[PDB]
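What follows is the content of run-v2.csv, which has CSV, N, CA and C atoms:
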```csv
chain,number,residue,atom,x,y,z
A,22,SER,N,28.6,3.9,15.6
A,22,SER,CA,29.4,2.9,14.9
A,22,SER,C,29.3,3.0,13.4
A,23,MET,N,30.3,2.5,12.7
A,23,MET,CA,30.2,2.4,11.3
A,23,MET,C,29.2,1.4,10.9
A,24,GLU,N,29.0,0.3,11.6
A,24,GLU,CA,28.0,-0.8,11.3
A,24,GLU,C,26.5,-0.1,11.3
A,25,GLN,N,26.2,0.7,12.4
A,25,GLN,CA,25.0,1.4,12.5
A,25,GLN,C,24.7,2.3,11.3
A,26,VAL,N,25.7,3.1,10.9
A,26,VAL,CA,25.7,3.9,9.7
A,26,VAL,C,25.4,3.1,8.4
A,27,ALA,N,26.1,2.0,8.2
A,27,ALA,CA,25.9,1.1,7.0
A,27,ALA,C,24.4,0.6,6.9
A,28,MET,N,23.9,0.2,8.1
A,28,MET,CA,22.5,-0.3,8.2
A,28,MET,C,21.5,0.9,7.9
A,29,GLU,N,21.9,2.1,8.3
A,29,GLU,CA,21.1,3.3,8.0
A,29,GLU,C,21.1,3.6,6.5
A,30,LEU,N,22.3,3.4,5.9
A,30,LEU,CA,22.4,3.6,4.4
A,30,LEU,C,21.5,2.6,3.6
A,31,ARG,N,21.4,1.3,4.1
A,31,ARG,CA,20.6,0.2,3.6
A,31,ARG,C,19.1,0.6,3.7
A,32,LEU,N,18.7,1.1,4.9
A,32,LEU,CA,17.3,1.6,5.1
A,32,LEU,C,16.9,2.7,4.2
A,33,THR,N,17.9,3.7,4.0
A,33,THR,CA,17.7,4.8,3.1
A,33,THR,C,17.5,4.3,1.7
A,34,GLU,N,18.4,3.4,1.2
A,34,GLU,CA,18.2,2.9,-0.1
A,34,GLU,C,16.9,2.1,-0.3
A,35,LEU,N,16.5,1.3,0.7
A,35,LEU,CA,15.2,0.6,0.6
A,35,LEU,C,14.1,1.7,0.5
A,36,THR,N,14.2,2.8,1.3
A,36,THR,CA,13.2,3.8,1.3
A,36,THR,C,13.1,4.4,0.0
A,37,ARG,N,14.2,4.6,-0.7
A,37,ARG,CA,14.2,5.2,-2.1
A,37,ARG,C,13.4,4.3,-3.1
A,38,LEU,N,13.8,3.0,-3.1
A,38,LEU,CA,13.1,2.0,-3.9
A,38,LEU,C,11.6,1.9,-3.6
A,39,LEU,N,11.2,1.8,-2.4
A,39,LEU,CA,9.8,1.8,-2.0
A,39,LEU,C,9.0,3.0,-2.4
A,40,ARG,N,9.7,4.2,-2.3
A,40,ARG,CA,9.0,5.3,-2.9
A,40,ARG,C,8.7,5.3,-4.3
A,41,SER,N,9.6,4.7,-5.2
A,41,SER,CA,9.3,4.5,-6.6
A,41,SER,C,8.2,3.4,-6.8
A,42,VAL,N,8.3,2.4,-6.0
A,42,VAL,CA,7.3,1.3,-6.0
A,42,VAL,C,5.9,2.0,-5.7
A,43,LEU,N,5.9,2.8,-4.7
A,43,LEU,CA,4.6,3.4,-4.2
A,43,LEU,C,4.0,4.3,-5.3
A,44,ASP,N,4.9,5.0,-6.0
A,44,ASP,CA,4.4,5.9,-7.1
A,44,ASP,C,3.8,5.1,-8.2
A,45,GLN,N,4.5,4.0,-8.6
A,45,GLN,CA,4.0,3.1,-9.6
A,45,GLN,C,2.7,2.4,-9.2
A,46,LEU,N,2.5,2.1,-8.0
A,46,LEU,CA,1.3,1.4,-7.5
A,46,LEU,C,0.1,2.4,-7.5
A,47,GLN,N,0.4,3.6,-7.1
A,47,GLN,CA,-0.6,4.6,-7.1
A,47,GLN,C,-1.1,5.1,-8.5
A,48,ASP,N,-0.2,5.0,-9.5
A,48,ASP,CA,-0.6,5.2,-10.9
A,48,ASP,C,-1.6,4.3,-11.4
A,49,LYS,N,-1.7,3.1,-10.7
A,49,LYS,CA,-2.7,2.1,-11.1
A,49,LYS,C,-4.0,2.4,-10.5
A,50,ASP,N,-4.2,3.6,-9.8
A,50,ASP,CA,-5.4,4.0,-9.2
A,50,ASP,C,-5.7,5.5,-9.7
A,51,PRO,N,-5.9,5.7,-11.0
A,51,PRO,CA,-6.0,7.0,-11.5
A,51,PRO,C,-7.3,7.8,-11.0
A,52,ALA,N,-8.3,7.0,-10.6
A,52,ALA,CA,-9.5,7.6,-9.9
A,52,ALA,C,-9.3,8.1,-8.5
A,53,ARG,N,-8.1,7.7,-7.9
A,53,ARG,CA,-7.8,8.2,-6.6
A,53,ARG,C,-8.7,7.7,-5.5
A,54,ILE,N,-9.3,6.5,-5.7
A,54,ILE,CA,-10.2,5.8,-4.7
A,54,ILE,C,-9.4,5.5,-3.4
A,55,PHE,N,-8.2,5.1,-3.5
A,55,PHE,CA,-7.3,4.7,-2.4
A,55,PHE,C,-6.3,5.8,-1.9
A,56,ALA,N,-6.4,7.0,-2.4
A,56,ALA,CA,-5.5,8.1,-2.0
A,56,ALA,C,-5.4,8.5,-0.6
A,57,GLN,N,-6.6,8.5,0.0
A,57,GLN,CA,-6.7,9.0,1.4
A,57,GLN,C,-7.5,8.1,2.3
A,58,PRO,N,-7.3,8.2,3.6
A,58,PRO,CA,-8.1,7.4,4.5
A,58,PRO,C,-9.6,7.5,4.3
A,59,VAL,N,-10.3,6.4,4.5
A,59,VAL,CA,-11.8,6.5,4.5
A,59,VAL,C,-12.2,7.5,5.6
A,60,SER,N,-13.1,8.4,5.2
A,60,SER,CA,-13.6,9.5,6.2
A,60,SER,C,-14.5,8.9,7.3
A,61,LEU,N,-14.2,9.1,8.5
A,61,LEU,CA,-15.1,8.6,9.6
A,61,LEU,C,-16.3,9.6,9.7
A,62,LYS,N,-16.1,10.8,9.3
A,62,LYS,CA,-17.3,11.7,9.1
A,62,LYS,C,-18.3,11.1,8.0
A,63,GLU,N,-17.9,10.7,6.9
A,63,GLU,CA,-18.7,10.1,5.8
A,63,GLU,C,-19.1,8.6,5.9
A,64,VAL,N,-18.3,7.8,6.6
A,64,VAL,CA,-18.6,6.3,6.9
A,64,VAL,C,-18.4,6.2,8.4
A,65,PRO,N,-19.4,6.7,9.2
A,65,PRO,CA,-19.2,6.7,10.6
A,65,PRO,C,-19.1,5.3,11.2
A,66,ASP,N,-19.6,4.3,10.6
A,66,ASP,CA,-19.5,2.9,11.1
A,66,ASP,C,-18.2,2.1,10.6
A,67,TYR,N,-17.3,2.8,9.9
A,67,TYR,CA,-16.2,2.1,9.2
A,67,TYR,C,-15.4,1.2,10.1
A,68,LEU,N,-15.1,1.7,11.2
A,68,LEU,CA,-14.2,0.9,12.2
A,68,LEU,C,-15.0,-0.3,12.9
A,69,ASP,N,-16.3,-0.3,12.8
A,69,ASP,CA,-17.0,-1.5,13.2
A,69,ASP,C,-16.7,-2.7,12.2
A,70,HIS,N,-16.4,-2.3,10.9
A,70,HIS,CA,-16.2,-3.2,9.8
A,70,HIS,C,-14.8,-3.6,9.6
A,71,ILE,N,-13.9,-2.6,9.6
A,71,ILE,CA,-12.5,-2.7,9.2
A,71,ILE,C,-11.6,-2.3,10.4
A,72,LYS,N,-10.9,-3.3,10.8
A,72,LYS,CA,-10.0,-3.1,12.0
A,72,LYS,C,-8.7,-2.4,11.8
A,73,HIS,N,-8.1,-2.6,10.6
A,73,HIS,CA,-6.9,-1.9,10.3
A,73,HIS,C,-7.0,-1.2,8.9
A,74,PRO,N,-7.6,0.0,8.9
A,74,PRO,CA,-7.7,0.9,7.7
A,74,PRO,C,-6.3,1.2,7.1
A,75,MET,N,-6.2,1.4,5.8
A,75,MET,CA,-5.0,1.8,5.2
A,75,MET,C,-5.3,2.5,3.9
A,76,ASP,N,-4.4,3.3,3.4
A,76,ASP,CA,-4.6,4.2,2.2
A,76,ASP,C,-3.2,4.6,1.8
A,77,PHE,N,-3.0,5.2,0.6
A,77,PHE,CA,-1.7,5.5,0.1
A,77,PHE,C,-1.1,6.7,0.8
A,78,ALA,N,-1.9,7.6,1.3
A,78,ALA,CA,-1.3,8.8,2.1
A,78,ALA,C,-0.7,8.3,3.4
A,79,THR,N,-1.4,7.4,4.1
A,79,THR,CA,-0.9,6.9,5.3
A,79,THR,C,0.4,6.0,5.0
A,80,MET,N,0.5,5.3,3.9
A,80,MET,CA,1.7,4.6,3.5
A,80,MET,C,2.8,5.5,3.3
A,81,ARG,N,2.6,6.6,2.6
A,81,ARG,CA,3.5,7.6,2.3
A,81,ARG,C,4.1,8.3,3.5
A,82,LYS,N,3.3,8.6,4.5
A,82,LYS,CA,3.8,9.2,5.8
A,82,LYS,C,4.8,8.1,6.5
A,83,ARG,N,4.4,6.9,6.5
A,83,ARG,CA,5.2,5.9,7.1
A,83,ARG,C,6.6,5.7,6.3
A,84,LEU,N,6.5,5.8,5.0
A,84,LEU,CA,7.7,5.7,4.2
A,84,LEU,C,8.7,6.8,4.5
A,85,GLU,N,8.2,8.0,4.6
A,85,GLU,CA,9.1,9.2,4.8
A,85,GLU,C,9.7,9.3,6.2
A,86,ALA,N,9.1,8.7,7.2
A,86,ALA,CA,9.8,8.4,8.4
A,86,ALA,C,10.7,7.1,8.3
A,87,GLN,N,11.0,6.6,7.1
A,87,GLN,CA,11.7,5.4,7.0
A,87,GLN,C,11.2,4.3,7.8
A,88,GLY,N,9.9,4.1,7.9
A,88,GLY,CA,9.2,3.2,8.8
A,88,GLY,C,8.9,1.8,8.2
A,89,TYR,N,9.3,1.5,6.9
A,89,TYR,CA,9.3,0.2,6.4
A,89,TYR,C,10.7,-0.5,6.5
A,90,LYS,N,10.9,-1.5,7.3
A,90,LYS,CA,12.2,-2.2,7.5
A,90,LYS,C,12.5,-3.1,6.3
A,91,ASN,N,11.5,-3.5,5.6
A,91,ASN,CA,11.6,-4.5,4.5
A,91,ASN,C,10.4,-4.5,3.6
A,92,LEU,N,10.5,-5.1,2.4
A,92,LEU,CA,9.4,-5.1,1.4
A,92,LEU,C,8.2,-5.8,2.0
A,93,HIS,N,8.4,-6.8,2.8
A,93,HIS,CA,7.2,-7.6,3.4
A,93,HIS,C,6.3,-6.6,4.1
A,94,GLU,N,6.8,-5.8,4.9
A,94,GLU,CA,6.0,-4.8,5.7
A,94,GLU,C,5.2,-3.8,4.8
A,95,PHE,N,5.8,-3.3,3.7
A,95,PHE,CA,5.2,-2.5,2.7
A,95,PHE,C,4.1,-3.2,2.0
A,96,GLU,N,4.4,-4.4,1.5
A,96,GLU,CA,3.3,-5.2,0.9
A,96,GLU,C,2.1,-5.5,1.8
A,97,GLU,N,2.4,-5.8,3.1
A,97,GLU,CA,1.3,-6.0,4.0
A,97,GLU,C,0.3,-4.8,4.0
A,98,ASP,N,0.9,-3.6,4.0
A,98,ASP,CA,0.1,-2.3,4.0
A,98,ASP,C,-0.7,-2.2,2.7
A,99,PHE,N,0.0,-2.5,1.6
A,99,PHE,CA,-0.7,-2.5,0.2
A,99,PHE,C,-1.9,-3.5,0.2
A,100,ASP,N,-1.6,-4.7,0.6
A,100,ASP,CA,-2.6,-5.7,0.7
A,100,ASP,C,-3.8,-5.3,1.6
A,101,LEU,N,-3.6,-4.6,2.7
A,101,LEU,CA,-4.7,-4.0,3.5
A,101,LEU,C,-5.6,-3.1,2.7
A,102,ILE,N,-4.9,-2.3,1.9
A,102,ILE,CA,-5.7,-1.3,1.1
A,102,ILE,C,-6.8,-2.1,0.2
A,103,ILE,N,-6.3,-3.2,-0.5
A,103,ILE,CA,-7.1,-3.9,-1.4
A,103,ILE,C,-8.1,-4.8,-0.6
A,104,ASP,N,-7.6,-5.4,0.4
A,104,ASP,CA,-8.4,-6.4,1.1
A,104,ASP,C,-9.5,-5.8,1.9
A,105,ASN,N,-9.3,-4.6,2.5
A,105,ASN,CA,-10.3,-3.8,3.3
A,105,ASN,C,-11.4,-3.4,2.4
A,106,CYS,N,-11.0,-3.0,1.2
A,106,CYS,CA,-12.0,-2.5,0.2
A,106,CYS,C,-12.9,-3.7,-0.3
A,107,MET,N,-12.3,-4.8,-0.6
A,107,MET,CA,-13.1,-6.0,-1.0
A,107,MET,C,-14.0,-6.7,0.0
A,108,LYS,N,-13.8,-6.3,1.3
A,108,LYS,CA,-14.7,-6.8,2.3
A,108,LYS,C,-15.8,-5.8,2.5
A,109,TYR,N,-15.5,-4.5,2.7
A,109,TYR,CA,-16.5,-3.4,3.0
A,109,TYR,C,-17.4,-3.2,1.8
A,110,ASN,N,-16.9,-3.3,0.6
A,110,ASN,CA,-17.7,-3.0,-0.6
A,110,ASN,C,-18.1,-4.3,-1.3
A,111,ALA,N,-19.3,-4.3,-1.9
A,111,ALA,CA,-19.8,-5.4,-2.6
A,111,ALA,C,-19.1,-5.5,-4.0
A,112,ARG,N,-19.2,-6.7,-4.5
A,112,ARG,CA,-18.6,-7.1,-5.8
A,112,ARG,C,-19.1,-6.2,-7.0
A,113,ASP,N,-20.3,-5.8,-7.0
A,113,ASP,CA,-20.9,-5.0,-8.1
A,113,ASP,C,-20.6,-3.5,-7.9
A,114,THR,N,-19.6,-3.0,-7.2
A,114,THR,CA,-19.4,-1.6,-7.0
A,114,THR,C,-18.1,-1.1,-7.7
A,115,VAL,N,-18.1,0.2,-8.0
A,115,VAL,CA,-17.0,0.8,-8.6
A,115,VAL,C,-15.7,0.6,-7.6
A,116,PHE,N,-15.9,0.7,-6.3
A,116,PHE,CA,-14.8,0.6,-5.3
A,116,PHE,C,-14.2,-0.8,-5.4
A,117,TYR,N,-15.0,-1.8,-5.3
A,117,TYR,CA,-14.5,-3.2,-5.3
A,117,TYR,C,-13.7,-3.5,-6.6
A,118,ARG,N,-14.3,-3.0,-7.7
A,118,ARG,CA,-13.7,-3.3,-9.0
A,118,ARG,C,-12.4,-2.5,-9.2
A,119,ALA,N,-12.3,-1.3,-8.6
A,119,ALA,CA,-11.0,-0.6,-8.6
A,119,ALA,C,-10.0,-1.3,-7.8
A,120,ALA,N,-10.4,-2.0,-6.7
A,120,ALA,CA,-9.4,-2.8,-5.9
A,120,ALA,C,-8.9,-4.0,-6.7
A,121,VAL,N,-9.8,-4.7,-7.4
A,121,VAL,CA,-9.4,-5.8,-8.2
A,121,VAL,C,-8.3,-5.4,-9.2
A,122,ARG,N,-8.5,-4.2,-9.9
A,122,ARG,CA,-7.7,-3.8,-10.9
A,122,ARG,C,-6.3,-3.3,-10.3
A,123,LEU,N,-6.3,-2.7,-9.2
A,123,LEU,CA,-5.1,-2.3,-8.5
A,123,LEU,C,-4.3,-3.5,-8.0
A,124,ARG,N,-4.9,-4.5,-7.5
A,124,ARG,CA,-4.3,-5.8,-7.2
A,124,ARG,C,-3.6,-6.4,-8.4
A,125,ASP,N,-4.3,-6.6,-9.5
A,125,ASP,CA,-3.8,-7.3,-10.7
A,125,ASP,C,-2.6,-6.6,-11.3
A,126,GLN,N,-2.8,-5.3,-11.4
A,126,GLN,CA,-1.8,-4.4,-11.9
A,126,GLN,C,-0.6,-4.2,-11.0
A,127,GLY,N,-0.9,-4.1,-9.7
A,127,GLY,CA,0.2,-3.9,-8.7
A,127,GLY,C,1.1,-5.2,-8.6
A,128,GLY,N,0.5,-6.4,-8.8
A,128,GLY,CA,1.2,-7.6,-8.7
A,128,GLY,C,2.4,-7.7,-9.6
A,129,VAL,N,2.3,-7.1,-10.8
A,129,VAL,CA,3.4,-7.0,-11.8
A,129,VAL,C,4.6,-6.2,-11.2
A,130,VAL,N,4.3,-5.1,-10.6
A,130,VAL,CA,5.2,-4.1,-10.1
A,130,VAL,C,5.9,-4.8,-8.9
A,131,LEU,N,5.1,-5.5,-8.0
A,131,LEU,CA,5.7,-6.1,-6.8
A,131,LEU,C,6.5,-7.3,-7.1
A,132,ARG,N,6.2,-8.0,-8.2
A,132,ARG,CA,7.0,-9.2,-8.7
A,132,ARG,C,8.4,-8.8,-8.9
A,133,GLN,N,8.7,-7.6,-9.6
A,133,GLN,CA,10.0,-7.2,-9.9
A,133,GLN,C,10.7,-6.4,-8.7
A,134,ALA,N,9.9,-5.6,-8.0
A,134,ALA,CA,10.4,-5.0,-6.8
A,134,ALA,C,11.0,-6.1,-5.8
A,135,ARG,N,10.4,-7.3,-5.7
A,135,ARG,CA,10.9,-8.4,-4.9
A,135,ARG,C,12.3,-8.8,-5.4
A,136,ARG,N,12.4,-8.9,-6.7
A,136,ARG,CA,13.6,-9.3,-7.4
A,136,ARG,C,14.7,-8.2,-7.1
A,137,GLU,N,14.3,-6.9,-7.2
A,137,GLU,CA,15.2,-5.7,-7.0
A,137,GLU,C,15.7,-5.6,-5.5
A,138,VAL,N,14.9,-6.0,-4.6
A,138,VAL,CA,15.3,-5.9,-3.1
A,138,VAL,C,16.2,-7.1,-2.7
A,139,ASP,N,15.9,-8.3,-3.2
A,139,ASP,CA,16.8,-9.4,-3.2
A,139,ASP,C,18.1,-9.1,-3.9
A,140,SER,N,18.0,-8.7,-5.2
A,140,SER,CA,19.2,-8.4,-6.0
A,140,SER,C,20.2,-7.4,-5.4
A,141,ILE,N,19.7,-6.2,-5.2
A,141,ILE,CA,20.5,-5.1,-4.5
A,141,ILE,C,20.8,-5.3,-3.0
A,142,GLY,N,20.1,-6.3,-2.4
A,142,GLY,CA,20.4,-6.6,-1.0
A,142,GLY,C,19.8,-5.6,0.0
```

Represent the supplied structure as structure tokens.
Amino acid sequence: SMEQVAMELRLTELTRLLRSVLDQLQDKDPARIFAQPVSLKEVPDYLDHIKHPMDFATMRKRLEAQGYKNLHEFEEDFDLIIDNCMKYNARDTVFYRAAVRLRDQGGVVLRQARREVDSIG
């Protein structure tokens, strides 16, 4: 149907915007602390601590299968990145501090993305 097609075009346009949001968020992590999943080889106990791991590569795979239906879903995954890190790592660590900075800086980007997703429908 033409209705199905139009909905598909909306998903595609959302996917384009989310891709640019994702690149912008990831620039706020120049150390690449959040680039890839935490290694279970190097943190074998990780899953006893963190129930839903997340990282920018895993977000990117989901995005390219057009797997975010809305901005809320994408933000949930971004928040997991930050929130997982601030629980597993202590306050006085380079990891925790990188999460705080990503959160603060990413908030600006997400504030306007929310306006762009509302605005362009």

Those of range 26-141 of chain A in DSSP alpha helix (DSSP H), formatted as a PyMOL selection string: chain A and resi 26-47+67-70+77-85+92-109+115-141

Considering only C-alpha atoms, return as a count of residues only whatever protein or nucleic-acid residues lie within 9 Å of residue 99 in chain A, sequence-local ones (same chain, fewer than 4 positions apart) excluded. 10

Might you pull out every residue within 6 Å of residue 117 in chain A, with only N, CA and C atoms counted and same-chain residues fewer than 4 positions away left off, and present them as a list in words?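 Close residues of residue 117 in chain A: residues 106, 107, 110, 111, 112 and 121 of chain A.
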
Write to file, as a compact mmCIF listing (two decimals), keeping the file's coordinate frame, the residues of the selection just made, with N, CA and C atoms.
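And here's part_14.txt as it stands now:
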```
# COMPACT_ATOMS: atom_id res chain seq x y z
N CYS A 106 -11.00 -3.00 1.20
CA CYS A 106 -12.00 -2.50 0.20
C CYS A 106 -12.90 -3.70 -0.30
N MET A 107 -12.30 -4.80 -0.60
CA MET A 107 -13.10 -6.00 -1.00
C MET A 107 -14.00 -6.70 0.00
N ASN A 110 -16.90 -3.30 0.60
CA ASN A 110 -17.70 -3.00 -0.60
C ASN A 110 -18.10 -4.30 -1.30
N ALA A 111 -19.30 -4.30 -1.90
CA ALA A 111 -19.80 -5.40 -2.60
C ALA A 111 -19.10 -5.50 -4.00
N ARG A 112 -19.20 -6.70 -4.50
CA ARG A 112 -18.60 -7.10 -5.80
C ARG A 112 -19.10 -6.20 -7.00
N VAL A 121 -9.80 -4.70 -7.40
CA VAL A 121 -9.40 -5.80 -8.20
C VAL A 121 -8.30 -5.40 -9.20
```

Distance CA of residue 39 in chain A-CA of residue 119 in chain A, one decimal place?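 According to the coordinates, CA of residue 39 in chain A and CA of residue 119 in chain A are separated by 22.0 Å.
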
Residues near residue 38 in chain A, anyone? I mean within 9 Å using only C-alpha atoms, not counting same-chain ones fewer than 3 positions away, as JSON, numbers by chain. {"A": [33, 34, 35, 41, 42, 43, 134, 137, 138]}

Within 8 Å of residue 32 in chain A using all atoms listed in the file, minus same-chain residues under 6 positions, as a PDB file with N, CA and C atoms, keeping the file's coordinate frame:
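Full text of result_5.pdb as output:
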```pdb
ATOM      1  N   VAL A  26      25.700   3.100  10.900  1.00  0.00           N
ATOM      2  CA  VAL A  26      25.700   3.900   9.700  1.00  0.00           C
ATOM      3  C   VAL A  26      25.400   3.100   8.400  1.00  0.00           C
ATOM      4  N   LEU A  38      13.800   3.000  -3.100  1.00  0.00           N
ATOM      5  CA  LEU A  38      13.100   2.000  -3.900  1.00  0.00           C
ATOM      6  C   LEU A  38      11.600   1.900  -3.600  1.00  0.00           C
ATOM      7  N   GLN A  87      11.000   6.600   7.100  1.00  0.00           N
ATOM      8  CA  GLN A  87      11.700   5.400   7.000  1.00  0.00           C
ATOM      9  C   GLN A  87      11.200   4.300   7.800  1.00  0.00           C
ATOM     10  N   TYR A  89       9.300   1.500   6.900  1.00  0.00           N
ATOM     11  CA  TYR A  89       9.300   0.200   6.400  1.00  0.00           C
ATOM     12  C   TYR A  89      10.700  -0.500   6.500  1.00  0.00           C
ATOM     13  N   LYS A  90      10.900  -1.500   7.300  1.00  0.00           N
ATOM     14  CA  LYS A  90      12.200  -2.200   7.500  1.00  0.00           C
ATOM     15  C   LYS A  90      12.500  -3.100   6.300  1.00  0.00           C
ATOM     16  N   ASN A  91      11.500  -3.500   5.600  1.00  0.00           N
ATOM     17  CA  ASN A  91      11.600  -4.500   4.500  1.00  0.00           C
ATOM     18  C   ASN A  91      10.400  -4.500   3.600  1.00  0.00           C
TER      19      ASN A  91
END
```

Record the distance separating CA of residue 59 in chain A and CA of residue 105 in chain A, expressed in Å with one decimal.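 So the two atoms, CA of residue 59 in chain A and CA of residue 105 in chain A, lie 10.5 Å apart.
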
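Comparing A:68, A:102, A:115, A:131 by their smallest distance to residue 52 in chain A, the closest is A:115 (using only C-alpha atoms).
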
Computed interatomic separation between atom C of residue 24 in chain A and CA of residue 86 in chain A (Å): 19.0 Å

Just checking: using only C-alpha atoms, which residue out of A:123, A:23, A:71, A:28 ends up closest to residue 100 in chain A?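 Under the stated criterion, the closest residue is A:123.
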
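Each of A:31, A:81, A:108, A:93 was checked against residue 47 in chain A using only C-alpha atoms; the smallest atom-to-atom distance is that of A:81.
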
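When all atoms listed in the file are used to compute distances to residue 135 in chain A, the closest of the residues A:98, A:92, A:66, A:113 turns out to be A:92.
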
Using only N, CA and C atoms, which residue out of A:84, A:54, A:61, A:78 lies closest to residue 36 in chain A?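 Comparing A:84, A:54, A:61, A:78 against residue 36 in chain A, the winner is A:84.
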
Could you check which of A:58, A:65, A:74, A:130 is closest to residue 44 in chain A, using only C-alpha atoms? A:130

Box dimensions and centre (Å, one decimal) enclosing range 39-43 of chain A, axis-aligned, 3 Å extra per side, as JSON:
```
{"center_x": 7.6, "center_y": 3.3, "center_z": -4.4, "size_x": 13.2, "size_y": 10.0, "size_z": 10.8}
```

Only N, CA, C and O atoms, as a CSV table (one decimal), in the first residue's frame: that is what I want for range 36-50 of chain A.
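The resulting part-v1.csv:
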```csv
chain,number,residue,atom,x,y,z
A,36,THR,N,15.8,7.7,10.4
A,36,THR,CA,17.1,6.9,10.5
A,36,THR,C,18.2,7.9,10.1
A,36,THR,O,19.2,7.8,10.7
A,37,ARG,N,17.9,8.7,9.0
A,37,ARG,CA,19.0,9.7,8.6
A,37,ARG,C,19.3,10.7,9.7
A,37,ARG,O,20.5,10.9,10.0
A,38,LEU,N,18.3,11.2,10.3
A,38,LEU,CA,18.5,12.2,11.4
A,38,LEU,C,19.2,11.6,12.6
A,38,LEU,O,20.2,12.2,13.1
A,39,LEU,N,18.8,10.3,13.0
A,39,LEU,CA,19.4,9.6,14.1
A,39,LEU,C,20.9,9.3,13.8
A,39,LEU,O,21.7,9.3,14.7
A,40,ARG,N,21.2,9.0,12.6
A,40,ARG,CA,22.6,8.8,12.2
A,40,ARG,C,23.5,10.0,12.4
A,40,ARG,O,24.6,9.9,12.9
A,41,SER,N,23.0,11.2,12.1
A,41,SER,CA,23.7,12.4,12.3
A,41,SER,C,23.8,12.7,13.9
A,41,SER,O,24.8,13.3,14.4
A,42,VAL,N,22.7,12.4,14.6
A,42,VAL,CA,22.7,12.6,16.1
A,42,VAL,C,23.8,11.7,16.6
A,42,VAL,O,24.6,12.2,17.4
A,43,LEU,N,23.8,10.5,16.2
A,43,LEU,CA,24.8,9.5,16.7
A,43,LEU,C,26.2,9.9,16.4
A,43,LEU,O,27.1,9.8,17.3
A,44,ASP,N,26.5,10.5,15.3
A,44,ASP,CA,27.8,11.0,15.0
A,44,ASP,C,28.2,12.1,15.9
A,44,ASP,O,29.3,12.2,16.4
A,45,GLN,N,27.3,13.0,16.1
A,45,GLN,CA,27.5,14.1,17.0
A,45,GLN,C,27.7,13.7,18.4
A,45,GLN,O,28.6,14.3,19.1
A,46,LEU,N,27.0,12.6,18.9
A,46,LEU,CA,27.2,12.1,20.3
A,46,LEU,C,28.5,11.5,20.4
A,46,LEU,O,29.3,11.7,21.4
A,47,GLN,N,28.9,10.7,19.5
A,47,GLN,CA,30.1,10.0,19.5
A,47,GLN,C,31.3,10.9,19.4
A,47,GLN,O,32.4,10.6,20.0
A,48,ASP,N,31.2,12.1,18.8
A,48,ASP,CA,32.3,13.1,18.8
A,48,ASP,C,32.6,13.6,20.2
A,48,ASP,O,33.6,14.2,20.5
A,49,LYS,N,31.6,13.5,21.1
A,49,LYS,CA,31.8,13.9,22.5
A,49,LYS,C,32.5,12.9,23.3
A,49,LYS,O,32.5,13.0,24.6
A,50,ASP,N,33.0,11.8,22.7
A,50,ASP,CA,33.7,10.7,23.3
A,50,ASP,C,35.0,10.5,22.5
A,50,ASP,O,35.2,9.4,21.9
```
